[PDB]
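Each chain, written out:
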Amino acid sequence: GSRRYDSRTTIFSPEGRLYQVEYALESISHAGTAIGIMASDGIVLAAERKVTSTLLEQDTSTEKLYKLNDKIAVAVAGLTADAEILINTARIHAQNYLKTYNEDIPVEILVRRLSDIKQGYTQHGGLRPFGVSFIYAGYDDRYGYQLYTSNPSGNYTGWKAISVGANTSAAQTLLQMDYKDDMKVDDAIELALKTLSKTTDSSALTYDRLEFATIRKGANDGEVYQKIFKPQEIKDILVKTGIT
Amino acid sequence: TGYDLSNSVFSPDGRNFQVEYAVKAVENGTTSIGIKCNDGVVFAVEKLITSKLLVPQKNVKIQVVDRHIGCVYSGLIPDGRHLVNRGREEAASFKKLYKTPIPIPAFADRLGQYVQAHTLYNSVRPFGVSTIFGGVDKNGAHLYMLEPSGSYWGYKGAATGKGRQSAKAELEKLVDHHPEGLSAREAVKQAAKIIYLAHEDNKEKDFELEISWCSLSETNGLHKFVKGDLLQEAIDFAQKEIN
Amino acid sequence: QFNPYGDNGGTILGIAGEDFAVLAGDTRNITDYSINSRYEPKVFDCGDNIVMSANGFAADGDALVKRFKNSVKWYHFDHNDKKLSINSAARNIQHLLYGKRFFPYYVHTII
Amino acid sequence: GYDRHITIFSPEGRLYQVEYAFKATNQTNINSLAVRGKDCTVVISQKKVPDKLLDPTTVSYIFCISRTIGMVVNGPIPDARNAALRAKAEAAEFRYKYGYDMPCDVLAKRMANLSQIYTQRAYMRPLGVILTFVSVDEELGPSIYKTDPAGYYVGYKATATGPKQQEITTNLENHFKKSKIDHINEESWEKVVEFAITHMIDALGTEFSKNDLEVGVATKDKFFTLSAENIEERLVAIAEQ
Amino acid sequence: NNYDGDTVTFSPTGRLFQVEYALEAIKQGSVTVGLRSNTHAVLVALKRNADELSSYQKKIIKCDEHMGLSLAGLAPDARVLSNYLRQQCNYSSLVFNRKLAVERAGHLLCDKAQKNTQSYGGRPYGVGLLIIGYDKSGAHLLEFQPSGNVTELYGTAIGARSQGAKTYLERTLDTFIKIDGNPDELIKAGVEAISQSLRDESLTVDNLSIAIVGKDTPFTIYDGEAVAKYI
Amino acid sequence: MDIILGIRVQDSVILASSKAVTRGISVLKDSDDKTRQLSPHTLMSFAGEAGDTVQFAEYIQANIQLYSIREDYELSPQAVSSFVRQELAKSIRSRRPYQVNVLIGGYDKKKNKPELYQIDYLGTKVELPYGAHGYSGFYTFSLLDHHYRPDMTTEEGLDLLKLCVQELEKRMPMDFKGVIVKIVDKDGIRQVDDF
Amino acid sequence: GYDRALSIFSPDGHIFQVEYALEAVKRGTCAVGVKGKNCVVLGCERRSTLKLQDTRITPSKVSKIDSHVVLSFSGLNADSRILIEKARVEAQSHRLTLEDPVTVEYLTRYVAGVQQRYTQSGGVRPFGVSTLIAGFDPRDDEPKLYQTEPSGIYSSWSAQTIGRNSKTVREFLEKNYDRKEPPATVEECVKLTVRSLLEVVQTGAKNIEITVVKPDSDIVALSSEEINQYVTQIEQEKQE
Amino acid sequence: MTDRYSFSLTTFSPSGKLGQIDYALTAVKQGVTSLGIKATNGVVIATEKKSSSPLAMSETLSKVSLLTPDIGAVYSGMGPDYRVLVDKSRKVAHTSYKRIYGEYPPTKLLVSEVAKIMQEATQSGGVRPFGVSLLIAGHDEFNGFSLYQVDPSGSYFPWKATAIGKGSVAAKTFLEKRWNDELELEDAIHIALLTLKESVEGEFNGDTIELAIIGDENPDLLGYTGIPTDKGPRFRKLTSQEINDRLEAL
Amino acid sequence: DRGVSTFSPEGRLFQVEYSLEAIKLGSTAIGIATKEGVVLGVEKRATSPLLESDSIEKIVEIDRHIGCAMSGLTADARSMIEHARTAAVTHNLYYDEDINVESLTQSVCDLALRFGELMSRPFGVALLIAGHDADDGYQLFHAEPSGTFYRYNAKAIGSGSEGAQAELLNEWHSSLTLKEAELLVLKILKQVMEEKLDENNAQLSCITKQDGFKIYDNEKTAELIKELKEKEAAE
Ligand SMILES: [Cl-]
Ligand SMILES: [Mg+2]
Ligand SMILES: [Mg+2]
């Protein structure tokens, strides 16, 4: 029968590793780097677009940074198509919670459920896992600003600063070097861009190969604002820190 | 390679080796035949007497579908029974909806489509039988032969099993020598002769002859088994011809 | 509207002695003011020295007896030809009857 | 190399099972041909009955799908009949659902879509057949639409299928280069059938008796097949010219 | 070799190896014999133990008052098939008030076994059965093979060294077929038949199993001290 | 079914619920507690069809307790009331709806405010300074409309509540066998034993 | 539905998928359970290749199943969440029908049953997780500590460890734990737990988590400084 | 019987590649060249009509398809896969949008739905990915004109201009030299025809080229009058004659 | 790979045969049947000294008149026991009587072959089922994952089974008292066990008509161990 052609996507290696999860992580390590940095007064999301062509429409484009609700956003590293499946599920989940409790969903609850979906694809169903790692940046009134990451295994962890995708080893060492706890958003913006600039596989970091976003309480009084940076705004912030 | 390990897989030739392998199982089976006649059809089959302990006349191989169709087959006997059970379900539902008993060409396609369906997936095995069948309907007599691939045609005479080539040669002579037609009672006698002649290819064990027929005049368009005086008369006719 | 029940009349009676028991029943079967049969038995030997009658609506009565007789048969198959005691039969019949609690067998049963 | 056993892509982006299903198409060693007249669409196919024990009237690769649509198959008969029954059911359902007769090209698309599914879904094999649908459509007029195991389909001015299809194709091409038109400029279907047989004889280089051929004809409001004597009448007409 | 991974695969010579391997399980099974006259049908079965501390695996199963079988091979498969026969016999009685013909019983088993040889995931039954019965056309004996093949016989045997009993019955055919109206003699012939399949072991009191059905005899099984008469 | 009252004052929510369980012409019990603690600072009183009431109350209790353990966190009274409303709003179009009316009294620790929600079996939610279900409101609301201040103490609320119970004991046709009174505030839930 | 039998017997009688799930447990961070005279202490290793972590929000290694029972684990983190969720739901379901919280044995038996089910169900792989389940039965002051593993077997332990280098810390506990006299106080039990982790861990900084469970739903997690005091005290006694 | 293939046929290899997606892209590479160019007041999509036989009527085979009155699609790769995707794309525009909001979906969202369908063929049980790359051009009130590429993986990218298939590498380079942000629709059509001539080998006329635009509303193509707000489809397929007119002033 | 329900060329089911190897790795369990009762004894075999041995539960009650011992992958036995208990109680509900020991065993063995491509694999545990009923008296059954069960006068399963079975062959006779059987299980367990036998690493139990199924205390077994050592030294 069909047994012959079954890859057995949800089995253990003799060493106790999940083949498909390990190979999905290997896939993700070739994706454009994405960085999240959590400051005391906000969060920065920075991500490098995968080798751009000059004829690509840059302003009406979304590849790395997606909005889940008004208080939560994600940076993507891996297969974009896979990520959008998960993003839509996450968006719906947030609305289900709001409909049920009349309160915006706590960040961890959303992260857990999305990570639980990934976990399922590694234990049952015989399907390939999602080749995606997320960086979650969000705010709620319990823990305030939070950064999380999830990967194809469905395992998630919280961070002060973190990178996913390509050159995470080098990127993490650089973040670990210059990060401190009393940091502000504008400092974090600079660290994020400086780290990408040094870890990039490109010749020089330019505005057209970046997506950028901040989550501040920099609205008016006790409320949170999501700012997905426009091309010109990335061009300006790149000049303001003296990278170009 | 490995193209022959799974059903429904095309080889680089464009062949389904699993069906061709099922044909080998049919070639291994005992000889069965069908003769079309003036106003009906005649079926006969070789029953190898493995032992003295087999009860004579009591391991019947020819099967009736509805009241007007007869079916006989060579190869894996259980597979043939499965096909007839389906045939009976198909004939019952046809009669249920359309009132009239199922026409033979209609019935032939019902089996054909079902057998063909067992070449479409790797989760099923092809049928290990070639089935000779037919009867009488509103348009007269029809004889068919169906193979593991689902392929079937109308026949003047049909043969399958270990002695198919011997039987075919003998069938071709009847078609040549009788262009106007063969009578039902004659076809019964000829069927006996041909089974006896085809038995030369399976002559270690001696055998038991079984015949059936549908005829507009002789059986009133219904399927009946040939028994008693008419059977012994046909056996004697066959015995005289081999010597 | 279709009424799935009927009344076939008749009456039954069971008495127990020290070392015996009787189960009696009249043989008349009726509908309304008509006699269907003057001899239609409704007391049956079910095997294992158990006699049974289900009186009321005969269709339900026959169905129940038929099912219990069959229950005795399978009790033997499943428990090495063990004899079904009268107390075990009683409990078994309770489950047969209560299984149709929301579409009852319209009968009074005695064994 | 299990990528050659089921319908998944090979490293060079090919589907070998689909390619091998195309080779099954020629397993019968029969050539078919279709042409269009002004009022009609004629399809012809070779009829080879090798066994003397066969009932020749039951040997056919032309099917009457609906009153208006006919279909000739190039490929093994079991798959051919599978396709025919489905086409008949599809055409019948279409009429019931939508209140008008299923067009030839729409049926062709539908059958092509079903074929496409078998090239994408693993559990279903492709049918080793090429289906040529013919009609005189009430909107588009004389129509020839052809389906293959890849799920490809297209309309034709004329077409041919089989082992010696290329010879027939170029023969027809050269005629339409000469005539400068999209069809056979002829009034009666009888002479369009005569054209079809004539050009098949030239391309294949063989002569035909009445039992070596099989002819289907589509006119307005009916498709029908010809008897041996109808073809014989047609063969006599060609010979006497 | 490459064609024995499952029942859905034919070999290049047209063989079903999984069915043949199921057939092999019967050959390893303990010998059982079946034979009949015109009035009675008899099963005789050699039971097998694990060791001297264990019981002897029961080989014979009752299906109805007029029918029953003996088994050789996988016993749980015999339980499944016998249970199916019990239901089919029972359906015939409840619905049609009709005792199931022994021939129909054979046809039903054939078709049940066949379905397990043509589909993916399943496996063939790993047991052979000898069905005896008395119905409206007299006494009967059937041989069931898990290939689906069911065969009506005067006498037969299946299991290890069954060829000895099968040869004996083939010689004795003319004698035992005319043992009419005499149960004990028909059994004696069956006990002598199964003795031709014994090696180093002989028939003891908790070793031998005999069943009989006939004209005025319901299907009944004899074990223990009830078979001491026949040793 | 019977008298469940609720009064939200300055610093607490007070729930009063009748003690009688009557079936037919018999008062089967006179000490029944028609309430469940959903979380340390959230109490729900309930009232409606026999069986349905407790079955619904305990089902809600289980769900909130499950949430508490999962998140190591107490849901706000508003969040709990919305969850409860949705469950009833689902129920009303089921094959057999829960015929249960509830009051939810809670103290929001993040806001440092008492909150009283009235939800009927249809899933009709309202936040109120004082609430009642059934015929009880027909008597007590005019009394509360008069005497209630939003800045009352817990003691003033209890006296206001005594006035309601007295009016009900005077004009109501049945003997509801008094009430069990419970207070929800910053320190959690406690029962008044002498009422 | 996906049906494949992934957990099957091999010729030597092993179920490799279950045994490979144990290798995942062996890779996981060390976890230890020690029960005293009046308490149980759950200690957990946290690897220090991860700096820049946010410990406020990062999933804790010890999880409350109910107010009186806790669950720690070693192995795949994502897998453990599924077991914890199911356990928490069963805890509430038990309170609802029996009107009494679960016993630690019952909760353990349930979790172990779930793990076993995933070793002979089609289309699923076993859990790459072993658990330590600790707590006190309702209205009972006798400490309870249980262990489960991917196969589905469970048992009670006076003290036990799971995860990487667990064989080293088990060695330590085997000579340092007296059955006749378990750690008489909370302090003694925490210290023996911290000592056992210090055989394997590295630095006693933000690498060790300690959770203390006492009778009648009295569970608290120790902070860095509180744990660091045990680390500081143990090292000074060691230099001798 | 029944679909026993409930497992993924596309899986990650040790190097991290998804083999079947890569091989699907290889099939797209073999496919005939198609391109799209976005102007300020419209979009043009074009492709070569590779005829299988001169007896075939290439008009009956449409490579450029209307999805909504304001959205059109073209492809490179496997034609049959494209045909069924168009059927599914047309239906999903109704079921998941028009039947809910009473209006047609914006380009980006319809593209998103097609991408989802293609992503699922990459993960679901017993199916291979689609062997096509799509170029979808369209207009909507709040986003204006747009052009998208959808790949076998389900990924989509917005483009100012691009090409896919056989000679896409050279064609993209050609478009980079010619494209500016001030191109008018007629200028974009001109560049489209120039770019396509490089990749076409045989005949280059209105019968071998298929070309459609997304531009102004066409009231004459609406089929009815009387509703002021309904002004007609922005999608229009250029006729064989209309192409030849522009090939003279080339 | 290959089908789960595949036959070997010798006519055996691969998976069933492989599960039998798993059972050979299991801890020893012994059962002896007498006319005064049936005794069930098991080797606990704690993997470590810190493990509290009294939590090792390899002898189990099915009903008052039926007990059970296990060997092999003991986690697999839980659902088998659950089914056995339900089967026993259900029969009492339907028939107001105790269910026969053989009928119970047959019901458990019906689960065995319900695997394939139903559960994904056979059980990796063998059971010794001991009980009493009015018809056939005291009985001991060995239930395998093949779906087969034999009645035994005495039987050992597990790692020390073939050695212990040979010993049981010599020692068993039809007149053994209950006390004699108790000592015999202890004696044979002590012979095949790795570690030295005591009340903490071995467990005894019995089923009698009068008192039903009882698991012995560690105090009671300890005295039987002391009684056994004294009797072997006494000649
Ligand atoms: Cl379609
Ligand atoms: Mg396929
Ligand atoms: Mg209300």
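The rules we used
Residues numbered from 1 in each chain as written, not as in the entry; some residues may be left out. Chains lettered and ligands numbered in written order. Part of a larger assembly, values for the part shown. Heavy atoms only, no water. Helix = DSSP H or I, 4+ residues; strand = E, 2+ residues; numbered from the N terminus. Buried < 20%, exposed > 50% of the residue type's maximum accessible area, 1.4 Å probe, protein only. Axes fitted to C-alpha atoms, helices over the stretch in contact; angles between N-to-C directions. Left-handed = near helix turned anticlockwise from the far one by under 90°. Contact = heavy atoms within 4.5 Å. Nonpolar A, V, L, I, M, F, W, Y, C, P; charged D, E, K, R; others polar. Donors = N, O, S within 2.8 Å, 3.2 Å for Na, K, Ca; no water. Core = buried A, V, L, I, M, F, W, Y, C linked by side-chain atoms within 4.5 Å. Buried area = accessible area lost by both parts, 1.4 Å probe. Salt bridge = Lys/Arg side-chain N within 4 Å of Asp/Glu carboxyl O. Polar contact = N/O pair within 3.5 Å; in protein donor to acceptor, adjacent residues only side chain to side chain.

- Looking at the method and resolution fields of the entry, one finds X-ray crystallography and 2.90 Å.

Points about unusual backbone geometry
1) Next: The backbone phi angle of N80 of chain C is positive, close to 50°, even though this residue is not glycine.
2) Next: As for its position among the elements, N80 of chain C is in the loop between α1 (58-78) and α2 (86-98).
3) Next: Using a relative accessible area of 53% as the deciding quantity, one classes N80 of chain C as exposed.
4) Next: Positive phi outside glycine occurs at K180 of chain D, with the angle close to 70°.
5) Next: Mapped onto the elements of the fold, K180 of chain D is located in the loop between α4 (165-179) and α5 (189-204).

Here's the deal with the packing of helix α1 (residues 52-71) of chain F against helix α2 (residues 77-98) of chain G
1) Next: Contact pair α1 of chain F / α2 of chain G: the axes reach a minimum separation of 10 Å and the direction vectors enclose 145°. Between α1 of chain F and α2 of chain G lies a crossing whose hand is right-handed. On the side of α1 of chain F, the interface is formed by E58, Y59, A62, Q65, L66, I69 and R70 of chain F, while α2 of chain G contributes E85, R88, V89, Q92, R95 and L96 of chain G.
2) Next: When grouped by side-chain class, the residues that make up the contact of α1 of chain F with α2 of chain G number 6 nonpolar, 2 polar and 5 charged.

Points about the coordination of the magnesium ion (ligand 2)
All names here are of chain D.
1) Next: Taken together, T7 (OG1), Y118 (O), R121 (O) and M124 (O) make up the full set of protein donors to the magnesium ion (ligand 2), lying 2.4 to 2.7 Å away.
2) Next: Along the chain, the residues donating to the magnesium ion (ligand 2) fall in the pattern T-x110-Y-x2-R-x2-M. One end of the pair, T7, is in the segment before α1 (16-24); the other, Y118, is in helix α3 (residues 104-120), and 111 residues separate them in sequence.
3) Next: Using a relative accessible area of 4% as the deciding quantity, one classes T7 as buried.

Overview of the arrangement of the chains
1) Next: Looking across the 19 pairs of chains in contact, one finds the most contacts between chains A and G.
2) Next: For chain E and chain F, which are not in contact, the least C-alpha distance works out to 38 Å.
3) Next: Between chain F and chain I there is no contact, and the shortest C-alpha to C-alpha separation is 27 Å.

Describing the nonpolar core
1) Next: One finds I33 and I211 of chain B together with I65 and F133 of chain D to be the most contacted residues of the largest nonpolar core, which totals 76 residues.
2) Next: With 9 residues, helix α5 (residues 184-198) of chain B is the largest single contributor of residues to this core.
3) Next: Not counting the four nearest positions on each side in its chain, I211 of chain B is found in contact with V42, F43, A44, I62, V188, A192, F225, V226, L231 and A234 of chain B.
4) Next: Judged by nonpolar contacts, the second largest core, of 46 residues, contains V33, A72, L169 and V213 of chain E.

Concerning the interface of chain A and chain G
1) Next: Taken together, the 41 residues of chain A in the interface contact 31 residues of chain G.
2) Next: Interface area for chain A against chain G, summed over the two sides, is near 3000 Å², with a carbon-plus-sulfur share of 56%.
3) Next: Of all residues in chain A, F12, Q123 and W159 of chain A bury the most surface against chain G, accounting for 23% of the area lost on that side.
4) Next: For the pair chain A and chain G, the number of links is 2 salt bridges.
5) Next: The shortest N-O distance in the salt bridge between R81 of chain G and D116 of chain A comes to 2.9 Å.
6) Next: Applying the counting criterion to the chain A and chain G interface returns 13 residue pairs in polar contact.
7) Next: At the level of elements, α3 (107-123), β6 (144-150), β7 (156-159) and α4 (168-178) of chain A are the ones that each hand at least two residues to the side of chain A that touches chain G.
8) Next: Tallied by class, residues from the side of chain A that touches chain G come to 14 nonpolar, 18 polar and 9 charged.

Details of the interface of chain F and chain G
1) Next: Contact residues are listed per partner, giving 8 residues for chain F and 11 residues for chain G.
2) Next: Of the roughly 800 Å² buried where chain F meets chain G, counting both sides, 55% is carbon and sulfur surface.
3) Next: Three residues, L66, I69 and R70 of chain F, lead the burial of chain F against chain G; their summed loss comes to 61% of the area buried on that side.
4) Next: Run the count over chain F and chain G and you get 1 salt bridge.
5) Next: Among the salt bridges present, the one from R70 of chain F reaches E85 of chain G, with a minimum N-O distance of 2.9 Å.
6) Next: Along the contact surface separating chain F from chain G lie 2 residue pairs in polar contact.
7) Next: Split into classes, the residues belonging to the side of chain F that touches chain G amount to 4 nonpolar, 1 polar and 3 charged.

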